[PDB]
Each structure stands twice: as C-alpha cells, then as structure tokens.
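Undergrad:
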Ligand SMILES: Nc1nc2[nH]nc(CC(=O)O)c(=O)c2c(=O)[nH]1
Ligand SMILES: Nc1nc2[nH]nc(CC(=O)O)c(=O)c2c(=O)[nH]1
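Protein chains in written order, with PDB author numbering: chain A, 2 to 63, 75 to 274; chain A', 2 to 63, 75 to 274. A prime marks a further copy of an entry chain.
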C-alpha cells in the first residue's frame, strides 16, 4: 500500500485503488507542416478524448527544434480540451521544459536521465513526476535482472542528485529496449524484483515486437498478447500500464484488480 | 513438471509444453427434434472444426433420455470429422457411458462424482480421464479455500475408491458454482492452493457472471474479462482453460506460457 498520491498539479493520481491506464496518443505528423496544423492537433484531440472515454487516466504525448514545434501545439490543445494529466514522452531537456510549460504534468524519459542528465533538473525544478525507464546502448548482460536494477538505480542516482523527490519517481523496466526476445520474456517473468527499489512501476509492452516473436503475428494482431503481458504485470505489482488499446486494456486491468484485490 | 501424459485413447495430451485449450461446443437444440437432425449436428461440426482451427486441443460437448438423444448424435459426428479428444459435459452415469461409447474420451462432471457416485465407476471402467469440479448445494463456507480443498478431496475419495487412477484425475475449482461474486474473486486469488493436492487443474470462467459483476458488462462483453481470469489462472498453474472465445484465449494462453516459461 502506498502512503502517498501521485501529485500532478491540477490532478492527483491515487496509486492504491486501481491500476492507472496511460494511453498512447496517436501522433501522425502533417506534411507541409512544422507542427500545429488543424489536421494534426484535431486528430490528436479526438484520440485523447476517445481514450479518455474508454478508461485512460493519463495521456502520453510523444531534431530538437522540430520536436518542440510538433509536441507543444498538441499539449496545449489536449490539456485544454481533455481534463486528464498529460505526460511528455521525451529524453531531451529542452523539449521537457517546453512541454511542461505548455501543460504537461509528467515527464517520460526513455533513457532514464542518462542521455541528457539535465532533464532530471528540469523535473526537479518544475517538481513533476518523472518516469525513469531502463535502457542502454548494448544487450550484453552478466545477469539481466541484476543489471536492470543496477542501471535503474543509476538513473535514480542522477534523478535524486538533481533534486528529484522520491515521491516524484516512477520506474519502467524498458521492455523492448536493449533486450533480445528471450531477454524481454525474462524481464516479464521477473518484474516483481523491481519492487524492491521502493518505487511505483510503469509497464510499457503494448503491441511490442517480442509479442509478435512469440505469437508470430503482425503489429495489428497483438491485442490478446498485450493483454497477457498487462495481466501478468499487474499481478507482479505494476501501478501503471502504457497501452494503445485503451478500451480493451482497461477492462483487463479492472478485472485483474478485482481478483488480486487492488 | 508432470512425469506423465494425459492418455485419451487415440490422442495424448502433454501437460508440460503448453496450456491445453478446451473449447466449449455450441449446442443449440433443434425444435421438432429429439436430437440428431442435420441442422443441429451440422452446426455443431462447423463449430468443432472452427475451434479446432483457432487453437483448441479439446472439444467439450454438453431428462436422462433426452440428454442421450441430443449428445450422442454429436459426439459421433464431431469425433469422426474432427481429430481431437472429446469430453462429455455431464454428471449422470448413463449419459457418461453412452458418450464414451459414441466416442467421448474424457468425462466432465460438474458435481465431482457426488450427485451420481456411479459415474466414477463408469470412468474407472472405460479408464478415461475425469474432471472433478467443485460444487455444493450451499454457499456457507467456514473457510472458502479450506472447504473447497476439503470438498474436492471428497470427490477424489469417491473417484479413487471407484477404481479411478490418479493419472486420470483432473480438478476444477468450480468458479461460478455455490460461490458469491466476492467468493469467486477469492477462489481466483488463491487458485495456486489447489496445486497441493497433486493433480492437474482445469479452470472454467469463460464469460461467467462474476466478470459481469466486476466490469458491469453483459455476457457478450466479457472477452477482456475472461482473458484476465485465464492469464491469472495460467500464472497460478492451470493446465487447462475451458473457454468460448477459442481464438482469443489461445493467443493469451500462448503468450502467458512464453512469459512464465511453460
Ligand atoms: N515509459 C515508457 N516510455 C515509452 N516511450 N515510447 C515507446 C515506444 C513505443 O511506443 O513503442 C515505449 O515503448 C515506452 C515504454 O515502454 N515506456
Ligand atoms: N469442468 C467444468 N465444466 C463445466 N461445465 N459447464 C459449465 C456451464 C457454463 O458453460 O457456463 C461450467 O461453467 C463448467 C466449468 O467451469 N468447469
């Protein structure tokens, strides 16, 4: 049981009543546009609103200048038209600042504050919850889980040293990153181990490659496989699940929650 | 790891390589017919064949005379046109004899050999695998799991005393029987406990009521909820899952199997 809530500015996410669903926003860049066109932002608001209606609790919105021209226009519209906390999917320090300014409540660094250490400071400054996902430029592990926890801890070191509060820290195993198909199945089977570090954990496996490797199905045929990873993750104690199929995953999460007793 | 295979006459089911999917056959009685009409049996063969193509490993086919007039005609067609072991879903001794005669390889007693003790003898005789599901005429438990295991053991007593071989015994928790919505969620959260009795376990929760009670959805909207129960069950060590949505549940079972390492 957590003795605190995830404080996200206007909104507050409770980590005990249920598994929090983070829906991946569908960004489809408009040609002839640096970012901001009616088509792009509108299609984005329709999705945000849609996911919001089918169970989402968070909306994850994903050069350095281009990235800002594209993401800012959406964080502005979505935050205004959809009453839900927004997280910015990036590792770059600048993009993270801009995004929180436009309205983003959470940071989502796929490189755990290691590719641009300054982003940890951006997070500490604005005092927003940050997601440190496991990642590395190689897949040569002595002991997968042992090294994952070691790498994660080093992201936590960079985060805390930057002034990040323990309560504004969330971990992610990094399923699908610097891991072979078999190594991903190993992380899944051992996810509970991350819990020893004492922080909430977010699981991102939606429609990923290792599900295709196992079921041998294309990307648009990985719904039942995503579900399985989600159920096993909730059962191993995950607080959040980052998915595409918000409607389907919400029911599975909810039914899971009832059974485990969350 | 099991040190033996489920011997079903012509076919042999291995309990270690994967979770065995038992598909529920769609029996829709034909009016003006005691049983056997072309419509009934044909529609039944189409389903059996369909499930067979989407992952099933077993086909479960469900007065005393009527029951025989209806079930025998199908076990005959299905067994002949579909190369897969067939199980007869009944508790009555006579129906069980007839069914195995027509071609049924497994018995599926929803009353664990307690409503008609003679069925255990039918099973011992023909030497076929039998499924003892938990059930009772009341829901007044002192300790749910403790009493479930106690009741199950009494079905095992009736079975073994009848001459049934330990290797031809399969247990089922009886989700949805003599259990309140909350009690079903309790059985699910504690399923691993059944494993202490030393027998393979079959889980039947497909589209059941407690999933509607939790998700608050009608029967045709319980696919994501069935999946969750299936994934948690496989994770708690189930060898078989009795489902309606064979295509969907097979992928989830398969992905589960990869992750847990079955
Ligand atoms: N925290 C987190 N962020 C991500 N951002 N982008 C991706 C790329 C993607 O959508 O496949 C991802 O997988 C994850 C993840 O698993 N976890
Ligand atoms: N073994 C077993 N047999 C059944 N037969 N019929 C039913 C009725 C049904 O299809 O809902 C059932 O739930 C089960 C079960 O859970 N388990």
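All C-beta atoms, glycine included, are put in the ideal place defined by N, C-alpha and C.
Below 8 Å, is the gap between the Cβ of residue 248 of chain A and the nearest heavy atom of ligand 1?
TA: For ligand 1, not one heavy atom lies less than 8 Å from the Cβ of residue 248 of chain A.
Undergrad: Taking only three categories from DSSP, how would you classify residue 150 of chain A'?
TA: Three-state result, residue 150 of chain A': coil.
Undergrad: Roughly how far, in whole angstroms, is the beta-carbon of residue 74 of chain A from the beta-carbon of residue 267 of chain A, given that I think they are within contact range, below 8 Å?
TA: For residue 74 of chain A, no position is available: the coordinates of chain A end at 63 and pick up again at 75.
Undergrad: Would DSSP call residue 138 of chain A' helix, strand or coil?
TA: Note: residue 138 of chain A' maps to helix in three-state DSSP.
Undergrad: Going by other Cβ atoms of all chains shown within 10 Å of its Cβ, with 16 needed for buried, is residue 158 of chain A buried or exposed?
TA: Exposed: under 16 other Cβ atoms inside 10 Å.
Undergrad: Compile a chain-ordered list of the residues in the stretch 259-271 of chain A' whose CB is closer than 7 Å to at least one CB of chain A.
TA: Taking 7 Å as the Cβ-Cβ cut-off against chain A, the residues of the stretch 259-271 of chain A' that qualify are 260, 263, 264, 266, 267, 268, 270 and 271.
Undergrad: I'd like to know whether the C-beta atoms of residue 235 of chain A and residue 254 of chain A end up nearer to each other than 9 Å.
TA: For residue 235 of chain A and residue 254 of chain A, no; Cβs fall outside 9 Å.
Undergrad: Closest Cβ-Cβ distance between residue 13 of chain A and chain A': below 9 Å?
TA: It does not; no Cβ of chain A' falls within 9 Å.
Undergrad: If distances are taken between C-alpha atoms only, which option among A:272, A:223 and A:189 comes closest to residue 149 of chain A?
TA: Nearest C-alpha to residue 149 of chain A: A:189.
Undergrad: Determine which residues of the stretch 217-250 of chain A have a Cβ less than 8 Å from any Cβ of chain A', and write them out in chain order.
TA: Going along the stretch 217-250 of chain A in chain order, one finds 223, 226, 227, 229, 236, 237, 239, 240, 241, 243, 244 and 247 with a Cβ nearer than 8 Å to chain A'.
Undergrad: Enumerate, from N- to C-terminal direction, the unbroken alpha helix (DSSP H) stretches of 4 or more residues contained entirely within the stretch 200-228 of chain A.
TA: Runs found: 221-227.
Undergrad: Any chance the CB of residue 86 of chain A is under 8 Å from a heavy atom of ligand 1?
TA: Residue 86 of chain A Cβ: outside cutoff for every heavy atom of ligand 1.
Undergrad: What residues in the stretch 188-200 of chain A have a beta carbon less than 8 Å from any beta carbon of chain A'?
TA: Answer set for the stretch 188-200 of chain A: 197 and 200.
Undergrad: Shortest alpha-carbon distance to residue 86 of chain A' belongs to which of A':222, A':47 and A':197?
TA: Checked all of A':222, A':47 and A':197; the closest Cα to residue 86 of chain A' is A':47.
Undergrad: Quick one: using the 10 Å Cβ neighbour count with 16 as the cut-off for buried, is residue 196 of chain A buried or exposed?
TA: Under this definition residue 196 of chain A is a buried residue.
Undergrad: Using C-beta distances below 7 Å, list every residue in its chain close to residue 75 of chain A', excluding the 5 sequence neighbours before and after it, in chain order.
TA: Cβ within range, chain order: n/a, list empty.
Undergrad: Would you tell me roughly how many angstroms separate the C-alpha atoms of residue 146 of chain A and residue 193 of chain A, rounded to the nearest one?
TA: Those two C-alpha atoms are separated by around 16 Å.
Undergrad: Taking all protein chains shown into account, decide if residue 53 of chain A is buried (16 or more other Cβ within 10 angstroms of its Cβ) or exposed.
TA: Under this definition residue 53 of chain A is a buried residue.
Undergrad: Tell me, which residues are paired with residue 15 of chain A' by DSSP?
TA: Per DSSP, A':6.
Undergrad: What is the DSSP secondary structure of residue 96 of chain A, counted as helix, strand or coil?
TA: Three-state DSSP puts residue 96 of chain A in coil, outside helix and strand.
Undergrad: When the cut-off is 9 Å and only beta carbons count, does residue 273 of chain A' lie next to chain A?
TA: Chain A contact via Cβ: present.
Undergrad: I want to know whether the stretch 226-235 of chain A touches the stretch 198-211 of chain A' - three or more CB-CB distances under 8 Å.
TA: No contact exists between the stretch 226-235 of chain A and the stretch 198-211 of chain A'.
Undergrad: In this structure, what does DSSP give as the bridge partners for residue 155 of chain A'?
TA: None, per the DSSP bridge assignment.
Undergrad: At a threshold of 8 Å, does residue 254 of chain A count as lining ligand 1 (C-beta to nearest heavy atom)?
TA: Because some heavy atom of ligand 1 lies under 8 Å away, the Cβ of residue 254 of chain A counts as near it: yes.
Undergrad: Tell me residue 254 of chain A''s beta-bridge partners as DSSP assigns them.
TA: Its beta-bridge partners are A':23.
Undergrad: Figure out for me which residue from A:225, A:214 and A:221 has the closest Cα to the Cα of residue 244 of chain A.
TA: Here the closest residue by C-alpha is A:214.
Undergrad: What are the residues that DSSP puts in a beta bridge with residue 145 of chain A?
TA: Answer is A:184, bridged to residue 145 of chain A.
Undergrad: Could you have a look at residue 62 of chain A' and say whether DSSP puts it in helix, strand or coil?
TA: Of the three classes helix, strand and coil, the one that applies to residue 62 of chain A' here is strand, per DSSP.
Undergrad: With a CB to CB cut of under 6 Å and the five nearest residues on each side skipped, what residues in its chain are close to residue 160 of chain A'?
TA: Here the set comprises 146.
Undergrad: Using DSSP with H/G/I as helix, E/B as strand and the rest coil, what is residue 121 of chain A?
TA: Residue 121 of chain A falls in the strand class under three-state DSSP.
Undergrad: Would you kindly work out how many angstroms separate the C-alpha atoms of residue 113 of chain A and residue 49 of chain A', rounded to a whole number?
TA: For residue 113 of chain A and residue 49 of chain A', the distance between alpha carbons rounds to 59 Å.
Undergrad: Could you tell me which whole alpha helix (DSSP H) segments of length 4 or greater appear in the stretch 27-54 of chain A'?
TA: Within the stretch 27-54 of chain A', the complete alpha helix (DSSP H) runs of at least 4 residues are 39-54.
Undergrad: On a CA-only basis, which of A:42, A:151, A:227 and A:31 is nearest residue 271 of chain A'? Give me that one, please.
TA: Comparing Cα-Cα distances from residue 271 of chain A' to each of A:42, A:151, A:227 and A:31, the minimum goes to A:227.
Undergrad: Specify whether the stretch 135-146 of chain A' and the stretch 106-125 of chain A' touch according to this definition: at least 3 beta carbon pairs, one from each stretch, less than 8 Å apart.
TA: With the cut-off at 8 Å, the stretch 135-146 of chain A' and the stretch 106-125 of chain A' touch.
Undergrad: Taking the alpha-carbon positions, what's the residue 125 of chain A to residue 103 of chain A distance?
TA: Rounded to the nearest angstrom, the two C-alpha atoms are 7 Å apart.
Undergrad: By Cβ distance below 6 Å, which residues in the same chain neighbour residue 223 of chain A' in space, the five residues on each side in sequence not counted?
TA: The residues are 234 and 237.
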